[PDB]
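Text of structure.pdb, listed as PDB, C-alpha atoms and all ligand atoms:
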```pdb
ATOM      1  CA  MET A   1       4.795  11.131  11.005  1.00  0.00           C
ATOM      2  CA  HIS A   2       1.357  12.293  12.294  1.00  0.00           C
ATOM      3  CA  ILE A   3       1.510  15.994  12.986  1.00  0.00           C
ATOM      4  CA  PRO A   4       0.070  16.870  16.420  1.00  0.00           C
ATOM      5  CA  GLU A   5      -2.114  19.941  17.107  1.00  0.00           C
ATOM      6  CA  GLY A   6      -0.062  23.141  17.332  1.00  0.00           C
ATOM      7  CA  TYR A   7       2.901  21.997  15.253  1.00  0.00           C
ATOM      8  CA  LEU A   8       1.548  23.824  12.189  1.00  0.00           C
ATOM      9  CA  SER A   9       0.118  27.323  11.867  1.00  0.00           C
ATOM     10  CA  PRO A  10      -3.676  27.537  11.388  1.00  0.00           C
ATOM     11  CA  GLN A  11      -2.915  28.970   7.976  1.00  0.00           C
ATOM     12  CA  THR A  12      -0.824  25.936   7.037  1.00  0.00           C
ATOM     13  CA  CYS A  13      -3.665  23.690   8.291  1.00  0.00           C
ATOM     14  CA  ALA A  14      -6.194  25.577   6.178  1.00  0.00           C
ATOM     15  CA  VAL A  15      -4.158  25.273   2.942  1.00  0.00           C
ATOM     16  CA  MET A  16      -3.600  21.538   3.424  1.00  0.00           C
ATOM     17  CA  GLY A  17      -7.297  20.999   4.122  1.00  0.00           C
ATOM     18  CA  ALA A  18      -8.285  22.972   1.030  1.00  0.00           C
ATOM     19  CA  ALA A  19      -5.956  20.766  -0.985  1.00  0.00           C
ATOM     20  CA  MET A  20      -7.232  17.555   0.561  1.00  0.00           C
ATOM     21  CA  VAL A  21     -10.882  18.415  -0.097  1.00  0.00           C
ATOM     22  CA  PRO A  22     -10.813  18.139  -3.932  1.00  0.00           C
ATOM     23  CA  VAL A  23      -8.845  14.913  -3.572  1.00  0.00           C
ATOM     24  CA  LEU A  24     -11.393  13.163  -1.333  1.00  0.00           C
ATOM     25  CA  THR A  25     -14.193  14.593  -3.459  1.00  0.00           C
ATOM     26  CA  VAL A  26     -12.634  13.053  -6.568  1.00  0.00           C
ATOM     27  CA  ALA A  27     -11.864   9.863  -4.646  1.00  0.00           C
ATOM     28  CA  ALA A  28     -15.477   9.589  -3.542  1.00  0.00           C
ATOM     29  CA  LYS A  29     -16.763   9.890  -7.119  1.00  0.00           C
ATOM     30  CA  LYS A  30     -14.215   7.379  -8.392  1.00  0.00           C
ATOM     31  CA  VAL A  31     -15.243   4.777  -5.818  1.00  0.00           C
ATOM     32  CA  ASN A  32     -18.981   5.347  -6.294  1.00  0.00           C
ATOM     33  CA  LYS A  33     -18.632   4.667 -10.030  1.00  0.00           C
ATOM     34  CA  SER A  34     -16.637   1.437  -9.804  1.00  0.00           C
ATOM     35  CA  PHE A  35     -17.174  -0.170  -6.395  1.00  0.00           C
ATOM     36  CA  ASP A  36     -20.218  -2.264  -5.529  1.00  0.00           C
ATOM     37  CA  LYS A  37     -21.448  -3.063  -1.989  1.00  0.00           C
ATOM     38  CA  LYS A  38     -19.518  -6.329  -1.984  1.00  0.00           C
ATOM     39  CA  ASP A  39     -16.236  -4.443  -2.198  1.00  0.00           C
ATOM     40  CA  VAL A  40     -17.018  -2.162   0.789  1.00  0.00           C
ATOM     41  CA  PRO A  41     -15.875  -4.664   3.471  1.00  0.00           C
ATOM     42  CA  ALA A  42     -12.377  -4.725   1.941  1.00  0.00           C
ATOM     43  CA  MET A  43     -12.045  -0.930   2.297  1.00  0.00           C
ATOM     44  CA  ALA A  44     -13.072  -1.138   5.958  1.00  0.00           C
ATOM     45  CA  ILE A  45     -10.665  -3.959   6.692  1.00  0.00           C
ATOM     46  CA  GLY A  46      -7.878  -2.064   4.943  1.00  0.00           C
ATOM     47  CA  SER A  47      -8.835   0.963   7.003  1.00  0.00           C
ATOM     48  CA  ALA A  48      -8.762  -0.934  10.301  1.00  0.00           C
ATOM     49  CA  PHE A  49      -5.478  -2.546   9.301  1.00  0.00           C
ATOM     50  CA  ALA A  50      -3.718   0.744   8.531  1.00  0.00           C
ATOM     51  CA  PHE A  51      -4.997   2.187  11.830  1.00  0.00           C
ATOM     52  CA  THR A  52      -3.550  -0.732  13.733  1.00  0.00           C
ATOM     53  CA  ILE A  53      -0.080  -0.606  12.276  1.00  0.00           C
ATOM     54  CA  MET A  54       0.060   3.209  12.567  1.00  0.00           C
ATOM     55  CA  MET A  55      -0.414   2.991  16.346  1.00  0.00           C
ATOM     56  CA  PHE A  56       3.068   1.512  16.539  1.00  0.00           C
ATOM     57  CA  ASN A  57       5.511   4.416  16.267  1.00  0.00           C
ATOM     58  CA  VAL A  58       8.710   5.896  17.658  1.00  0.00           C
ATOM     59  CA  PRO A  59       9.173   9.646  18.387  1.00  0.00           C
ATOM     60  CA  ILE A  60      11.706  11.555  16.278  1.00  0.00           C
ATOM     61  CA  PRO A  61      13.683  14.352  17.961  1.00  0.00           C
ATOM     62  CA  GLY A  62      13.539  17.162  15.412  1.00  0.00           C
ATOM     63  CA  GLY A  63      10.404  15.689  13.824  1.00  0.00           C
ATOM     64  CA  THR A  64       7.171  13.925  14.766  1.00  0.00           C
ATOM     65  CA  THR A  65       7.070  10.112  14.769  1.00  0.00           C
ATOM     66  CA  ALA A  66       8.078   7.078  12.694  1.00  0.00           C
ATOM     67  CA  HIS A  67       5.777   4.147  11.954  1.00  0.00           C
ATOM     68  CA  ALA A  68       4.514   2.152   8.979  1.00  0.00           C
ATOM     69  CA  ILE A  69       1.207   3.039   7.287  1.00  0.00           C
ATOM     70  CA  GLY A  70       0.175   0.382   4.778  1.00  0.00           C
ATOM     71  CA  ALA A  71      -0.643   3.053   2.205  1.00  0.00           C
ATOM     72  CA  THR A  72       0.817   1.249  -0.794  1.00  0.00           C
ATOM     73  CA  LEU A  73      -0.630  -2.066   0.389  1.00  0.00           C
ATOM     74  CA  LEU A  74      -4.080  -0.488   0.302  1.00  0.00           C
ATOM     75  CA  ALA A  75      -3.285   1.228  -2.995  1.00  0.00           C
ATOM     76  CA  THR A  76      -2.227  -1.938  -4.824  1.00  0.00           C
ATOM     77  CA  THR A  77      -5.234  -3.891  -3.497  1.00  0.00           C
ATOM     78  CA  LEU A  78      -8.023  -1.312  -3.481  1.00  0.00           C
ATOM     79  CA  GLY A  79      -6.803   1.163  -6.055  1.00  0.00           C
ATOM     80  CA  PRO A  80      -5.358   4.525  -4.907  1.00  0.00           C
ATOM     81  CA  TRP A  81      -8.675   6.386  -4.846  1.00  0.00           C
ATOM     82  CA  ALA A  82     -10.165   3.846  -2.431  1.00  0.00           C
ATOM     83  CA  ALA A  83      -6.932   3.623  -0.398  1.00  0.00           C
ATOM     84  CA  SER A  84      -7.351   7.393  -0.024  1.00  0.00           C
ATOM     85  CA  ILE A  85     -10.681   7.110   1.751  1.00  0.00           C
ATOM     86  CA  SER A  86      -9.711   4.097   3.877  1.00  0.00           C
ATOM     87  CA  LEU A  87      -6.494   5.815   5.021  1.00  0.00           C
ATOM     88  CA  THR A  88      -8.247   9.112   5.677  1.00  0.00           C
ATOM     89  CA  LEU A  89     -10.867   7.280   7.763  1.00  0.00           C
ATOM     90  CA  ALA A  90      -8.131   5.747   9.899  1.00  0.00           C
ATOM     91  CA  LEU A  91      -6.612   9.213  10.414  1.00  0.00           C
ATOM     92  CA  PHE A  92      -9.984  10.691  11.325  1.00  0.00           C
ATOM     93  CA  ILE A  93     -10.553   8.043  14.000  1.00  0.00           C
ATOM     94  CA  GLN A  94      -6.984   8.462  15.352  1.00  0.00           C
ATOM     95  CA  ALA A  95      -7.366  12.237  15.722  1.00  0.00           C
ATOM     96  CA  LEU A  96     -10.963  12.391  16.907  1.00  0.00           C
ATOM     97  CA  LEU A  97     -11.095   9.409  19.266  1.00  0.00           C
ATOM     98  CA  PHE A  98      -7.452   8.910  20.291  1.00  0.00           C
ATOM     99  CA  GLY A  99      -5.789  12.317  20.022  1.00  0.00           C
ATOM    100  CA  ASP A 100      -3.170  10.954  17.633  1.00  0.00           C
ATOM    101  CA  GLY A 101      -2.464  13.723  15.137  1.00  0.00           C
ATOM    102  CA  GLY A 102      -4.237  17.065  15.527  1.00  0.00           C
ATOM    103  CA  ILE A 103      -7.790  17.740  14.416  1.00  0.00           C
ATOM    104  CA  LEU A 104      -7.016  20.930  12.492  1.00  0.00           C
ATOM    105  CA  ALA A 105      -3.873  19.161  11.249  1.00  0.00           C
ATOM    106  CA  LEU A 106      -6.131  16.523   9.616  1.00  0.00           C
ATOM    107  CA  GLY A 107      -5.895  18.059   6.143  1.00  0.00           C
ATOM    108  CA  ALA A 108      -2.114  18.037   6.510  1.00  0.00           C
ATOM    109  CA  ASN A 109      -1.859  14.490   7.815  1.00  0.00           C
ATOM    110  CA  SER A 110      -4.232  13.029   5.263  1.00  0.00           C
ATOM    111  CA  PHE A 111      -2.465  14.867   2.441  1.00  0.00           C
ATOM    112  CA  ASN A 112       0.769  13.186   3.473  1.00  0.00           C
ATOM    113  CA  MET A 113      -0.394   9.707   4.479  1.00  0.00           C
ATOM    114  CA  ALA A 114      -3.667   9.300   2.568  1.00  0.00           C
ATOM    115  CA  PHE A 115      -2.649  11.021  -0.659  1.00  0.00           C
ATOM    116  CA  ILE A 116       1.102  11.379  -1.288  1.00  0.00           C
ATOM    117  CA  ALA A 117       2.006   8.008   0.236  1.00  0.00           C
ATOM    118  CA  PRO A 118      -0.394   5.772  -1.738  1.00  0.00           C
ATOM    119  CA  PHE A 119      -0.295   7.689  -5.022  1.00  0.00           C
ATOM    120  CA  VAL A 120       3.515   7.794  -5.062  1.00  0.00           C
ATOM    121  CA  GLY A 121       3.592   4.174  -3.883  1.00  0.00           C
ATOM    122  CA  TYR A 122       1.152   3.057  -6.569  1.00  0.00           C
ATOM    123  CA  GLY A 123       2.898   5.053  -9.313  1.00  0.00           C
ATOM    124  CA  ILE A 124       6.225   3.490  -8.326  1.00  0.00           C
ATOM    125  CA  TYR A 125       4.490   0.110  -8.124  1.00  0.00           C
ATOM    126  CA  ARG A 126       3.231   0.396 -11.712  1.00  0.00           C
ATOM    127  CA  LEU A 127       6.719   1.357 -12.869  1.00  0.00           C
ATOM    128  CA  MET A 128       8.360  -1.702 -11.373  1.00  0.00           C
ATOM    129  CA  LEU A 129       5.688  -3.934 -12.962  1.00  0.00           C
ATOM    130  CA  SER A 130       6.498  -2.361 -16.346  1.00  0.00           C
ATOM    131  CA  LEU A 131      10.101  -3.412 -15.679  1.00  0.00           C
ATOM    132  CA  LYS A 132       8.727  -6.934 -15.298  1.00  0.00           C
ATOM    133  CA  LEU A 133       9.280  -7.231 -11.531  1.00  0.00           C
ATOM    134  CA  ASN A 134       6.786  -9.440  -9.712  1.00  0.00           C
ATOM    135  CA  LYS A 135       3.936  -7.892  -7.697  1.00  0.00           C
ATOM    136  CA  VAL A 136       5.462  -8.792  -4.332  1.00  0.00           C
ATOM    137  CA  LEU A 137       8.701  -6.928  -5.072  1.00  0.00           C
ATOM    138  CA  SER A 138       7.138  -3.974  -6.915  1.00  0.00           C
ATOM    139  CA  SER A 139       4.628  -3.338  -4.170  1.00  0.00           C
ATOM    140  CA  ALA A 140       7.340  -3.477  -1.490  1.00  0.00           C
ATOM    141  CA  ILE A 141       9.525  -0.988  -3.365  1.00  0.00           C
ATOM    142  CA  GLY A 142       6.471   1.189  -3.966  1.00  0.00           C
ATOM    143  CA  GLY A 143       5.811   1.026  -0.216  1.00  0.00           C
ATOM    144  CA  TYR A 144       9.286   2.237   0.684  1.00  0.00           C
ATOM    145  CA  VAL A 145       9.188   5.108  -1.761  1.00  0.00           C
ATOM    146  CA  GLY A 146       5.656   6.109  -0.849  1.00  0.00           C
ATOM    147  CA  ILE A 147       6.211   6.391   2.898  1.00  0.00           C
ATOM    148  CA  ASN A 148       9.441   8.296   2.321  1.00  0.00           C
ATOM    149  CA  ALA A 149       7.707  10.793   0.033  1.00  0.00           C
ATOM    150  CA  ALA A 150       5.140  11.322   2.815  1.00  0.00           C
ATOM    151  CA  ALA A 151       7.939  11.738   5.354  1.00  0.00           C
ATOM    152  CA  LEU A 152       9.542  14.360   3.116  1.00  0.00           C
ATOM    153  CA  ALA A 153       6.280  16.239   2.723  1.00  0.00           C
ATOM    154  CA  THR A 154       5.820  16.179   6.497  1.00  0.00           C
ATOM    155  CA  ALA A 155       9.389  17.320   7.106  1.00  0.00           C
ATOM    156  CA  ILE A 156       8.918  20.222   4.684  1.00  0.00           C
ATOM    157  CA  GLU A 157       5.580  21.340   6.167  1.00  0.00           C
ATOM    158  CA  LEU A 158       7.138  21.362   9.663  1.00  0.00           C
ATOM    159  CA  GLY A 159      10.466  22.895   8.585  1.00  0.00           C
ATOM    160  CA  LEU A 160       8.740  25.809   6.878  1.00  0.00           C
ATOM    161  CA  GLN A 161       7.009  26.838  10.137  1.00  0.00           C
ATOM    162  CA  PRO A 162       9.888  28.688  11.806  1.00  0.00           C
ATOM    163  CA  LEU A 163      10.706  30.329   8.485  1.00  0.00           C
ATOM    164  CA  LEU A 164       7.195  31.572   7.830  1.00  0.00           C
ATOM    165  CA  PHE A 165       5.667  32.024  11.282  1.00  0.00           C
ATOM    166  CA  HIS A 166       7.755  33.859  13.841  1.00  0.00           C
ATOM    167  CA  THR A 167       7.647  36.888  16.154  1.00  0.00           C
ATOM    168  CA  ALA A 168       9.311  40.208  15.218  1.00  0.00           C
ATOM    169  CA  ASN A 169      12.165  38.909  17.369  1.00  0.00           C
ATOM    170  CA  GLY A 170      12.412  35.810  15.149  1.00  0.00           C
ATOM    171  CA  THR A 171      10.896  33.356  17.609  1.00  0.00           C
ATOM    172  CA  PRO A 172       8.954  30.375  16.172  1.00  0.00           C
ATOM    173  CA  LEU A 173       5.203  30.562  16.815  1.00  0.00           C
ATOM    174  CA  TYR A 174       4.717  26.850  16.208  1.00  0.00           C
ATOM    175  CA  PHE A 175       7.073  24.075  15.178  1.00  0.00           C
ATOM    176  CA  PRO A 176      10.506  25.488  16.043  1.00  0.00           C
ATOM    177  CA  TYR A 177      12.899  23.443  13.916  1.00  0.00           C
ATOM    178  CA  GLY A 178      13.763  24.357  10.335  1.00  0.00           C
ATOM    179  CA  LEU A 179      14.314  22.227   7.217  1.00  0.00           C
ATOM    180  CA  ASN A 180      17.956  21.735   8.278  1.00  0.00           C
ATOM    181  CA  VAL A 181      16.693  19.824  11.278  1.00  0.00           C
ATOM    182  CA  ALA A 182      13.327  18.374  10.186  1.00  0.00           C
ATOM    183  CA  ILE A 183      14.444  16.873   6.867  1.00  0.00           C
ATOM    184  CA  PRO A 184      17.526  14.961   8.008  1.00  0.00           C
ATOM    185  CA  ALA A 185      15.670  13.855  11.137  1.00  0.00           C
ATOM    186  CA  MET A 186      12.468  12.597   9.444  1.00  0.00           C
ATOM    187  CA  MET A 187      14.197  11.180   6.365  1.00  0.00           C
ATOM    188  CA  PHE A 188      16.848   9.291   8.298  1.00  0.00           C
ATOM    189  CA  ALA A 189      14.163   7.518  10.338  1.00  0.00           C
ATOM    190  CA  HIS A 190      12.104   6.658   7.266  1.00  0.00           C
ATOM    191  CA  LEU A 191      14.909   5.750   4.880  1.00  0.00           C
ATOM    192  CA  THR A 192      16.505   3.331   7.353  1.00  0.00           C
ATOM    193  CA  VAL A 193      13.691   1.870   9.524  1.00  0.00           C
ATOM    194  CA  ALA A 194      10.115   2.895   8.803  1.00  0.00           C
ATOM    195  CA  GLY A 195      10.441   2.477   5.013  1.00  0.00           C
ATOM    196  CA  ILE A 196      11.821  -1.028   5.391  1.00  0.00           C
ATOM    197  CA  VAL A 197       9.146  -2.102   7.863  1.00  0.00           C
ATOM    198  CA  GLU A 198       6.605  -0.689   5.423  1.00  0.00           C
ATOM    199  CA  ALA A 199       8.213  -2.525   2.500  1.00  0.00           C
ATOM    200  CA  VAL A 200       8.294  -5.820   4.402  1.00  0.00           C
ATOM    201  CA  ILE A 201       4.703  -5.594   5.583  1.00  0.00           C
ATOM    202  CA  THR A 202       3.545  -4.591   2.092  1.00  0.00           C
ATOM    203  CA  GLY A 203       5.322  -7.434   0.271  1.00  0.00           C
ATOM    204  CA  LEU A 204       4.289  -9.980   2.896  1.00  0.00           C
ATOM    205  CA  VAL A 205       0.566  -9.260   2.780  1.00  0.00           C
ATOM    206  CA  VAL A 206       0.652  -8.921  -0.990  1.00  0.00           C
ATOM    207  CA  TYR A 207       2.399 -12.302  -1.192  1.00  0.00           C
ATOM    208  CA  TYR A 208      -0.138 -14.082   0.963  1.00  0.00           C
ATOM    209  CA  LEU A 209      -3.031 -12.380  -0.805  1.00  0.00           C
ATOM    210  CA  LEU A 210      -1.764 -13.597  -4.200  1.00  0.00           C
ATOM    211  CA  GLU A 211      -1.347 -17.043  -2.740  1.00  0.00           C
ATOM    212  CA  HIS A 212      -4.997 -16.653  -1.581  1.00  0.00           C
ATOM    213  CA  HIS A 213      -3.852 -18.900   1.249  1.00  0.00           C
ATOM    214  CA  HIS A 214      -0.297 -19.478   2.480  1.00  0.00           C
TER
HETATM  215 CO    CO A 301       2.385   9.431  12.000  1.00  0.00          CO
END
```
Let me see whether you can do it: turn the structure in this file into structure tokens.
Ligand SMILES: [Co+2]
Amino acid sequence: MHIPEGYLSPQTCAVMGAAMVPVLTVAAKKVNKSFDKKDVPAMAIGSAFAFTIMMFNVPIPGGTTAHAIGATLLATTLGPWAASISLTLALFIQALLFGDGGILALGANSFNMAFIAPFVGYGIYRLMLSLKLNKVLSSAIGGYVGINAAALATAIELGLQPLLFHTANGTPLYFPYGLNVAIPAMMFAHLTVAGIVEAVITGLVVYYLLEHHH
């Protein structure tokens, strides 16, 4: 779902970045207060793991791409504030060193994948636990819902572009497809393939982690 450079207006990029700043600021303070050095390797591993699985995507006509993220997996294991930083780091490296997702679109992409995805996933995860579902199942359901919420956010950011940024003749200045295209396109991919892959990967790793072995 990574948004490439030029898909979003500079104004949209600026708003998303200004929203993402307080988040990461708060995240940073939360982690500083309750993580000790020994916990830092786990963030970095989670970060490298999310990066790796995100590289495996499929283009979506009408949208951007579809791939898993591991956002809820990081959120259930590191806490959402630390998942935030790990996931954002992965996105930073992807954009800056690999050209995957635009640089100015970084506030947008991290808002979707490094904020919405793990916080929705974790919230859902806590809910399922309170319904007495086991951690493996709750995390997997949280994963599905989280990635789909991020897909929706992405689809809405893109879809608003032709509506808000066009020439006097009504020609799109950036992303050219509206909500009518972007939402069914992005949501269909994520409700039926990417969400499931995400759920499976989340539950699997969570399972083996709980087993501490195999
Ligand atoms: Co993406």
I need the residue nearest ligand CO 301 (chain A) from this list: A:69, A:20, A:48, A:14. Use all atoms listed in the file for the distance.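 Nearest candidate to ligand CO 301 (chain A) out of A:69, A:20, A:48, A:14: A:69.
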Give me the residues of chain A that have any atom at most 6 Å from an atom of ligand CO 301 (chain A); for each, the nearest atom pair and the distance in Å, rounded to one decimal. Use only C-alpha atoms and all ligand atoms, sort by chain and number, and format it as CSV.
```
residue,atom,partner,partner_atom,distance
A:1,CA,A:CO301,CO,3.1
A:2,CA,A:CO301,CO,3.1
A:65,CA,A:CO301,CO,5.5
```
I'd like the interatomic distance between atom CA of residue 47 of chain A and atom CA of residue 90 of chain A, to a tenth of an Å.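 Going from atom CA of residue 47 of chain A over to atom CA of residue 90 of chain A, I get 5.6 Å.
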Residues picked by the PyMOL selection byres (((chain A and resi 30) around 12) and not hetatm) here, as number ranges by chain? A: 23-29, 31-36, 78-85
Tell me, as number ranges by chain, which residues lie within 9 Å of residue 135 of chain A, counting only C-alpha atoms; anything in the same chain fewer than 4 positions away does not count. A: 125, 128-129, 139-140, 203, 206-207, 210
Minimum-distance residue to residue 111 of chain A, chosen among A:154, A:76, A:54, A:200 (using all atoms listed in the file):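 Distance minimum relative to residue 111 of chain A lands on A:154.
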Nearest-residue call for residue 159 of chain A, choices A:68, A:179, A:55, A:199, using all atoms listed in the file: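 Checking each of A:68, A:179, A:55, A:199 against residue 159 of chain A, counting all atoms listed in the file, the winner is A:179.
Atom CA of residue 57 of chain A to atom CA of residue 43 of chain A spans 23.1 Å [interatomic distance, one decimal].
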Considering only C-alpha atoms, state which residue in the set A:19, A:71, A:8, A:205 is at the smallest distance from residue 155 of chain A.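 Ranked by minimum distance to residue 155 of chain A, first place goes to A:8.
Proximity ranking of A:87, A:60, A:158, A:104 relative to residue 188 of chain A places A:60 first, based on all atoms listed in the file.
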Rounded to one decimal in Å, what is the spacing between atom CA of residue 186 of chain A and atom CA of residue 151 of chain A?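 About the pair atom CA of residue 186 of chain A and atom CA of residue 151 of chain A: they are 6.2 Å apart.
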All residues 10 Å or closer to residue 197 of chain A, only C-alpha atoms, same chain fewer than 3 positions away omitted, as a VMD selection string: chain A and resid 67 to 70 140 143 to 144 190 192 to 194 200 to 202
Any chance you can output those residues with C-alpha atoms as an mmCIF file, in the frame of the given file?
```cif
data_model
loop_
_atom_site.group_PDB
_atom_site.id
_atom_site.type_symbol
_atom_site.label_atom_id
_atom_site.label_comp_id
_atom_site.auth_asym_id
_atom_site.auth_seq_id
_atom_site.Cartn_x
_atom_site.Cartn_y
_atom_site.Cartn_z
ATOM 1 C CA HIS A 67 5.777 4.147 11.954
ATOM 2 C CA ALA A 68 4.514 2.152 8.979
ATOM 3 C CA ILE A 69 1.207 3.039 7.287
ATOM 4 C CA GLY A 70 0.175 0.382 4.778
ATOM 5 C CA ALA A 140 7.340 -3.477 -1.490
ATOM 6 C CA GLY A 143 5.811 1.026 -0.216
ATOM 7 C CA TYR A 144 9.286 2.237 0.684
ATOM 8 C CA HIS A 190 12.104 6.658 7.266
ATOM 9 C CA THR A 192 16.505 3.331 7.353
ATOM 10 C CA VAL A 193 13.691 1.870 9.524
ATOM 11 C CA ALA A 194 10.115 2.895 8.803
ATOM 12 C CA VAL A 200 8.294 -5.820 4.402
ATOM 13 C CA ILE A 201 4.703 -5.594 5.583
ATOM 14 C CA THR A 202 3.545 -4.591 2.092
#
```
Expected selection from the PyMOL selection byres (((chain A and resi 157) around 12) and not hetatm), given as an MDAnalysis selection string: chainID A and resid 1:3 7:9 11:13 15:16 63:64 105 107:109 111:112 150:156 158:165 174:179 182:183 186
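Candidate residues A:204, A:61, A:136, A:50 were compared for distance to residue 91 of chain A, and the nearest is A:50, using all atoms listed in the file.
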